[PDB]
Each structure stands twice: as structure tokens, then as C-alpha cells.
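Alright, here's a single protein chain in two forms, structure 1 and structure 2, each given by itself as C-alpha cells.
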Structure 1
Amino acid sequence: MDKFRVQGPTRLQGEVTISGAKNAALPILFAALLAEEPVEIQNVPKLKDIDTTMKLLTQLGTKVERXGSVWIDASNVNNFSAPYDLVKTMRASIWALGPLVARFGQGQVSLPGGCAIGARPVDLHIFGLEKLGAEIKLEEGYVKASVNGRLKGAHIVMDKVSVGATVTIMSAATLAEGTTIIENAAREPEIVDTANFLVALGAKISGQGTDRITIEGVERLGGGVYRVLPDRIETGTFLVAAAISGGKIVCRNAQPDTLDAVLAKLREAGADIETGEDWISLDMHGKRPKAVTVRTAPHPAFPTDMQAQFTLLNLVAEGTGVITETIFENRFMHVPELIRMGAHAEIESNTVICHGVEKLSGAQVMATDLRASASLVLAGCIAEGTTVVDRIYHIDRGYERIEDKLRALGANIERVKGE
């Protein structure tokens, strides 16, 4: 079982090329199920989640190929069920439900059980589909959606702001009969890209990025070539990494207007931030970060995907910092791990109180979150001594060659094959 052997402290410095967003390519790939023609998706990150989604697509009859881009061919989808064995490793699998029923009149997807980050029902998805005409049922764990002919456009208002359910409703609405309006929709950059992608295929969508997305059903979807946006999370992760190490870094292949909250939080912390059309520079000028307060929430607010990272930041910052989760009240696994490393923190419900310390100690930790767990690696880079990160399989899910990227920064990280 893979593991990380990290040794610090280390002052991160240098250059890094941000990969395509993981959370953009996922819904985009699932969206390709609709495409009736070959599709070329560019800038796809090399990561576990992508492997999983590619494999899933294959199970449906989709022709798949890959390098920097992914070659998708759905012309011959012959299967409509996403197997329990696969969904149980990636809840995102549910993304195949809407496209499948929207285009085929049918589709089945193992109903996702629990997740370590906490409660994550998919109620909004089904609900969203029913409103479109989908006749949905639950057989032996499988979500069975079925529609007689095309789906009908409807006026849907969302109980919660949900990236997942917005993509489900949006995507399926492209092939529906009539007009669909998603009120109280997610405004995540990844939603905008999934829509842009869809539009490129010949779909009719407006309002992407706003709280009101409008979809105009069409006959069918062609093929084409789309370019996935840069991963905002990766970037924020790299930025934080430099910011907690007194680093001086540059971000290539970026999109600054997706980090406003992170960017501002960083400046607040005390870093020197400059940005360009597709780049972002950060220089700590040899300074220890200043504690900051964070409140996760739907974009464009602070993203929970950066939450753990910022928690780390506060752990070694001067002052009392506060992190409050409003998206995943249980996304704290990292804390007890970082505390093993000499960190001081208190947990009160969805909030963690931070007490910065002068140093961190190398020790044995355990990853458990495909994104929060990165904080663990970041921790080992600035901590004193050797940190062994267990279960890095998590990180390989949301990070393309993370050790390589870190290494190009001066990090003393090594991958270990034998448990």
C-alpha cells in the first residue's frame, strides 16, 4: 500500500503547472454520455477519480481513450447500469443517472451509501429528475430511473445549493422537451464549465454562474473539443503550501477568478499576491502566516475543499484562528492527525478553534479525505523531521502527481511502495 515519506522543514520555492480541474472533468465526462458524436476533452488531470470515471464510462459501452486529453465516444452506449462495486468507491458515479435517462429513457445507478466526510444524501438528484418526468424506483440498492420518451422541462427550485444536483438537473435538461429553469442553483466554476461544454455540443443554456440557470431542450448533442478549466483547489493547495513555508512560488495554467475567497484569505494571512491572466504569484517574504478565520460556503465563498489546508495554515500561524464548516459538518478527520504532529486545536461542532504553534513534528499520520488529506502532506513539508502519510490512495484521487509537483518546489518527499 502506497505511502508518503516526507521530510522537513522546507521552504517551498519555484514553479508549478496547475492541472485541469478534477471537479470539472468529472461532470464533463458524465455529460459526454449525452454526446452523440466523438468528443475531445482537453486538459484532464491524471488521477484516480478520472480512472474510475473512465472505467465507468466503459461499462456503459463508451469508447474511451487518453494521453493530456480524453477521447470520448458514446455513440454506442449499450449498458445503463453503474454497478455497486464501482459506485462504492466514488459517489460521483451518480452523475451517470441523468444523462443516461435523459438520452436513453433509462438508467440505473447503485444508490451511494455512507462517506467518511459525513452525511451526503442525493435526495436532490432524484427530486430533480422526477420534476423532469423521470419515473424513479429503488431495486436492491439500485436507483432505477425511467422515462417514456423525452423528459419535460420544468421550473425547479433547489432546497439546498448543490453542485451535484445542479449538474444532474442541468445535464439531463439539455435533451428535455421544453424549458427548464434551475432556481437556487450552484454557482461553482465547475458548473459553468460543464455548461459551456454542453453549449459547445450544441445545447442551449444560459445563466451558468448565476443562481438561475435556464436550459432550452434540443434535439440532440453533437461532438466537439472542449478545454477544462484549471483546478482551483490544486492552486489554492499550492498557494497555501508556499504560504506556510515562507515560500516564493508561481502558478502556471491558472484562473485567478476562482480563488477570490482563498486569495483574499491568503493576503489576509500575510502574503504578497500578484496575478495575471493565467498565473498567480505568491511570496511570503520570509514571514510566518497570521491566523485567519474561515467559513466554508457555496462559491464564491470559501470552499470546503480548501478548509483543511487553511486549518493547517492556522496551526502554524501566529494567533488564534477559527475554521467553521457549513457544507460538511464532519470534515475534520485531519485535526486529530495534525494534533499528533504537535498542533493545538479544539473542536466544537462545525467549528474548530486553532492555536498556532512554532513548530510541527514529524510523525505517522493517516489520510482519509481525497482533498483534506493533502493538508497532511503539506504538514510534513514544514514540520520538523519525518512524517509518514498512510493511505495516500486518497490523495491520488484528487491530485495529479502531487509528489512531483512538490518536489519541483524543494519538498523532500518520497513515495513508498511497500506498506
Structure 2
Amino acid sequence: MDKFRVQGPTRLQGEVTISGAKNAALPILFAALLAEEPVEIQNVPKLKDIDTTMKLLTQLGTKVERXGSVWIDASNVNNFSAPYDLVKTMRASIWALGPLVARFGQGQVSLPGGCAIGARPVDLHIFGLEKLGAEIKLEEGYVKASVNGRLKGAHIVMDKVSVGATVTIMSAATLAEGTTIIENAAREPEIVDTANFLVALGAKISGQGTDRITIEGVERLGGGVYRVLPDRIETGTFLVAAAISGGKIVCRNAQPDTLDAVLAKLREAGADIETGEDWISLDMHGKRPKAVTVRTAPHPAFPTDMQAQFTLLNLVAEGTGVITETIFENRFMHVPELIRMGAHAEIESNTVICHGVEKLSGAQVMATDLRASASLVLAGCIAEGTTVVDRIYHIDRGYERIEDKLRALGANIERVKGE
């Protein structure tokens, strides 16, 4: 059980190169199962889920190799069943189902059990494929799908916004007969990236990024080269790292237009920001940030995945700020940990009232959410003394070696194996 020992306070300044988004690389890697010709997917991060995905694709008959790119040859996929042993640690494995049924007419994926029913993650994927004409078979532990001929385009109205089901329906629809229209489609940049990857292969999709996506099915998809977009949450995390430490940073290989809400909030906190084609710079000019008011909402609004980071920013800012979370009902576990580090905050339902303090104090802390855990590491960078963040494997699964990037910005951080 690795931990990070962080010693502060340190001002974080320098340059950081943003990694590709795991949340775009994953749907793209599964969409590659539709490709009849070789594909090179560039800017893919080296994270556990990518390894799990490559192993799963290999089990299906895909030829896969990687470095910064992942090379895929799905010309000879010949096993349409994703087994429990390879999918048990990754819910994203459901994304193998739609491409297999759309291209080969059959697919099966193992699913984890549970006593709870109703609004389970996989449900909308199942009903989406059923609307496209697939026959679905369910038994506890798995979902099997098949189609007699080709899937058929359909007009689908999503009752609730779902990134996962939008990807499943959009990807499978590329090989359906006719036109598919997805109403109330998820608008996330990762949806746009996946749609653009499919178009690079020969698909016909429009409306990605808006609440209505239209797909005109084609007979087959080819191959090509595609570069995964930058991780917007990693970008925001490093921008906040500079903003809370009186720092100055340049994030390279960034995509500013995926962070409009975040950049606006950082400007309200007092940051001097400039943006280029593929970069963002932030300079606090040695100043403490000013408190801000934040309400999370679906993209393109302020992202819930930046909420913990901005809570930390408010907790060391000048003034009182309120953070309101409207996406998740219990995403404030970072707060008690920051209170133990000296922060002043009150939890009122789905809001946290923050009263900024000048300095935090080191403590032994831990959070299970990836973003909350990364925020504790950042707090450790600016807190007086030593902070030990436990169970950092959560961070390791979503950030490509964060301690090395932070160390290059001036952080005093060490990975400790055990104690």
C-alpha cells in the first residue's frame, strides 16, 4: 500500500505536459473494434485501465502493441466474448458489447453482481442496443447481444444523460442500416473525441458536443491515425496546484476550449491566464487566491471532477466561498480531511461553506475518490510540515505519475512503500 509523503509549504512553478484523457482513450480503444484496417491511437496514457483494455482486446483476437501510441489491428477479431477474469476490475468493459454486435452480430460481456436493481450503470447500454434492433439475453453476471442481420438506425430519447450509453449507442450506430438520432446526448469533450475518431475511420456523425447526435450508418469502417485529446481534469488539477501556491505554470499539450468554465473560475480567484492553441499559462504573481462561488453542472458547465480541487482552493483563499455539488450526492469526503489539516468549512446538504485560512498543517489523510485524493496531495504541497496521503493507488490509476510531474514543479514529494 504505497503512500505519498509530502512536505510543504512549496510554491509550484514550471511546466507540465498534460497526458491524453483516459476517459477518451478507453471509448476510442473499444471503438477500434469496428476498424477493419490498422489504427494508431496516439497520446494514450500509461494507466492500469489501458493495460486491462489492451489485454481484453487481445483476448478477442485483436493484435495490440504500445509504447506513447497504441497500435491496433482488429482485422481478425474472432472471439466475441469478454470473460469475467479480464473485465472484473473495469466497468468500461461494457463498451466492447456494441462494437461486437454492430460489426460481427454477436457479443457477450461479464458483469459484476450486486443486490441493488434499478438505474444500474449498464442498463442504458442494454436498452440502447435493444432500440437499435439487438436481441438481448440477460442472466445474472452477464449480458449477451446478437442481431439478425445489421442493427437498424433508430430515434432514441435518453431519459437521463449518460456518457457511457451515448458512447455505446453512437459507436454501434455507425454500422447500422439507416439514421440514428440520440436525443439528450451527453456533451462531454470525450464524447466529441470518440465521435471524431469514428469519423476518421469513415463514420458519418454530426452534432457531437450538442444534445442531439445524428449518425448515418455505413457498411464498414477503415483505419487510420488519431490522437486522443488532452486530459482536461488533469489540466485543471495542475492549474489549481499553481493557483493555490502563489505559483506560475504553463500546461503544454492542453486543449483550452474544453475548460472554459474552469478557466473563468480561476480568473475570478485572481489568476492571470493566457491560452494558446495547445497550452494554458497561469500566474498568481505570488498572491493568495480570492474565494469563488462554484456550482457543478453537466458539461459545458463547471465539472464535478474539479469540485474537490476548487474546495481546497477556497479553503486557503481570502474570503468565504461556497461550493455546490449538483451531480453527486456524497462527494465531500475531502472536507473532513482538510478540516483535520486546519481548514474552516461547514457542510450544509450538498454545499460546503468555506472560510479561507492562510495556511494548513500537515496530517495523515486519505480519500477514496481519485480527485479528492489528488486534492489532498496538493494540500500537502502547501501545508506546513509533513502530510502523508495513504492509498495513493487511487491516484495512480487516473494520473500518469503525478509525483514526478509535481516534483518538476518544485514539490517535495516521495512515494513510500508501506511505512
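Quick note, the numbers are simply positions in structure 1, starting from 1. Under this definition, the rigid core comprises the largest set of C-alpha atoms superposing within 1.5 Å between the forms.
Rigid-part assignment between structure 1 and structure 2: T368 and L312 are grouped in the same part by superposition fit. Relative to the larger rigid part, the smaller one is rotated between structure 1 and structure 2 by 11°, as taken from C-alpha superpositions. Core-aligned Cα shift between structure 1 and structure 2 at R212: this is 1.0 Å. Superposing the rigid core and comparing between structure 1 and structure 2 gives a CA shift of 3.2 Å at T89. After superposition on the rigid core, the Cα atom of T351 is displaced by 1.2 Å between structure 1 and structure 2.
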